[PDB]
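J.: The sequence isn't on hand, but the structure is:
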């Protein structure tokens, strides 16, 4: 008597950690006769002669890049943003045949990458002008400082 049989029963349900993957809209392909030797990242082609005013840092860059970029970008400060908005390839990867964006200085500054060394030093050609109509110089920037800029690659 007195001793009460207490039931220590407790119902415990176990849940499941399920995960959902990401998958949205696809992209559109273009068409043109252009023998490319590299693996081209899907980018558009605003290829035209230099339509920019003669004297701004963006001007000689537009000519150095063969005019394969859209003049509709504006100043060097916007170039990388407009590139993305236009369907181009913008990465901080130091590579030849690309434009590096500074943004600093106010309206931004840019130059054309002639060549990149294994050392990491990036040689960007910029026109000094003071001296002659084609007074240009290949500014060899250090890897650390160079990687600090946004490179627009033409694929």
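T.: Arrived safely. Numbering: from 1, shown residues only.
J.: Just give me how far the lengthiest helix in the chain sits from the chain centre.
T.: When the chain is parsed with DSSP state H, its longest helix is helix 76-86. Centroid displacement of helix 76-86 relative to its chain, using C-alpha atoms, centre = their mean, to the nearest Å, is 9 Å.
J.: which residues sit against that helix?
T.: With contact meaning C-beta atoms under 8 Å, 6 or more residues apart in numbering, helix 76-86 is reached by 44, 46, 57-58, 69-70, 72-74, 89-90, 99, 101-103, 106-110, 150, 152. Yep, even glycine has a C-beta here, placed from its N, CA and C like the rest.
J.: From start to finish, how long is stretch 119-137 in a straight line?
T.: 20 Å (C-alpha to C-alpha, to the nearest Å).
J.: right, I mislabeled it, should have said stretch 135-153
T.: Using C-alpha to C-alpha, the gap from the first to the last residue of stretch 135-153 comes to 25 Å.
J.: Also stretch 11-22?
T.: Criterion C-alpha to C-alpha; first-to-last residue distance in stretch 11-22 is 36 Å.
J.: Show me where this protein has its helices.
T.: Counting by DSSP H, the helices of the chain are 57-64, 76-86, 143-146.
J.: who wins for proximity to residue 20 among those helices?
T.: With C-beta to C-beta as the criterion, residue 20 lies closest to helix 76-86 of the helices of the chain, at 27.5 Å.
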